[PDB]
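**Student:**
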Amino acid sequence: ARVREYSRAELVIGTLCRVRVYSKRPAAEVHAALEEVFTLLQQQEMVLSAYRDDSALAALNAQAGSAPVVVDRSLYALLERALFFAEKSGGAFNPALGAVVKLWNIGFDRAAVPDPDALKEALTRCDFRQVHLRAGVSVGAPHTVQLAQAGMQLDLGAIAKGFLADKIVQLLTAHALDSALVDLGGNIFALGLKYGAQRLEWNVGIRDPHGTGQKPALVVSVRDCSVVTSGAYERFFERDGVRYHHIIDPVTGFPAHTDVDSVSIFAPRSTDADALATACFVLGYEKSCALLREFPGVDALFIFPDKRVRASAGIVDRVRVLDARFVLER
Ligand SMILES: Nc1ncnc2c1ncn2[C@@H]1O[C@H](COP(=O)(O)OP(=O)(O)O)[C@@H](O)[C@H]1O
Ligand SMILES: [Mg+2]
Ligand SMILES: [Mg+2]
Ligand code: NA
Ligand code: NA
């Protein structure tokens, strides 16, 4: 039995999603797994999407201030994990920020900053503690979500790609695959080891925060690990000489003013890496290090505006700088 390498990529969930697999299984089995990966992404776009009228999440948001809504176990679990990171991060990551994000989402389209009072009003409808998750303990009991605060809106943009990368890994493993690189718009999961007959760690690239995005500035060698990056120049618009990026500080209702250009989180679960990358970007370097002490199983890599790079002890020896303008502090 020979090793073969496969990849497939499609535009779905608003970005380019690519999965690369090495396998000795019959090619038909790999093709079937990849078919299911991309069917899953299509289906989940219709569950999780914040910017569509026909998604399950949009239906949930339409019931804010009303009765609990039945959701499937998967969406319930994702919301539970999102609220966990909201609590642990002091709301730096906030999955109920839709009232504010939606104003900024039209801002992007219109290239215009939201009004002050409108923005001040939106911040009053973002209390994630008023998302009530309930699930009965008896056999087959439904899972429900209630948005108790009038006009509050869920937006899972900062955790959905991580969730989907984890769901894809679970699917690949269900198909008896153990070597893959999952890349959902840059949200990476490195499953197992790649092939060279030699088995090698995956060399995951981290971009220059200001890069055209072509070349990575650094690579990190990893196995069975998600690598998720949140950064200041990945999505933004400009107006009158000021840049407004897409990661909001919930305290100000404005794009976060932070001391790092990007934060990359390395974790066994991409859900966790995605939520933490957002929280850490909002919190800034020192407070991020404090938060991360609560998660011993994760590592982090910070790129500063002066091109210094700091990486935690669990990954620093695995980092290689490719763009010599950057310096890895040791
Ligand atoms: N502080 C925040 N907490 C949670 N979600 C946020 C926050 N700010 C913005 N969002 C939503 O999450 C998205 C940012 O997600 P993030 O994972 O940080 O970046 P990326 O889009 O590169 O994956 C935004 O587009 C918005 O939908
Ligand atoms: Mg995130
Ligand atoms: Mg993300
Ligand atoms: Na990103
Ligand atoms: Na800040």
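Take the sequence shown: its letters are residues 5 to 200, 207 to 340, numbered as in the authors' numbering. For every residue, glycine included, the Cβ atom is placed at its ideal position computed from N, Cα and C.
(1) Cutting at 6 angstroms between CB atoms, please list the residues of its own chain near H256, excluding the five before and the five after it.
(2) Ignoring anything shorter than 4 residues or poking outside the segment 10-69, list the alpha helix (DSSP H) runs there in chain order.
(3) Along the chain, where does the beta strand (DSSP E) containing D187 start, and where does it finish?
(4) The beta strand (DSSP E) that contains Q150, what's its start and end?
(5) State the Cα-Cα distance for the pair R279 and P219, rounded to the nearest angstrom.
(6) On a CA-only basis, which of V105, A207, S70 and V214 is nearest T239? Give me that one, please.
(7) For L82, which of helix, strand or coil comes out of DSSP?
(8) Looking at the unbroken beta strand (DSSP E) that takes in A227, where does it start and where does it end?
(9) Could you have a look at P120 and say whether DSSP puts it in helix, strand or coil?
(10) Cutting at 8 angstroms between CB atoms, please list the residues of its own chain near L175, excluding the five before and the five after it.
(11) Measure the C-alpha to C-alpha separation of residue 4 and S27 and round it to an integer number of angstroms.
(12) Quick one: what's got a C-beta closer than 8 angstroms to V16's C-beta in the same chain, skipping five residues either side?
(13) If we ignore side chains and look at the alpha-carbon of each, how far apart do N191 and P260 end up?
(14) Below 8 angstroms on the Cβ atoms is my guess for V23 versus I172; work out the distance and round it to an integer in Å.
(15) What residues in its chain sit with their C-beta under 6 angstroms from that of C290, if we drop five residues either side in the sequence?
(16) Where does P118 land, buried or exposed, given buried means 16+ other C-beta within 10 angstroms?
**Tutor:** The relevant details are as follows:
(1) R245
(2) 31-52 and 60-65
(3) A184 to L188
(4) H147 to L151
(5) 23 angstroms
(6) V214
(7) helix
(8) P226 to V232
(9) helix
(10) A37, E40, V41 and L44
(11) No statement about residue 4 is possible, as the shown extent of the chain runs from 5 to 340 and does not include it.
(12) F42, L45, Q46 and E49
(13) 23 angstroms
(14) 7 angstroms
(15) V273 and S298
(16) buried
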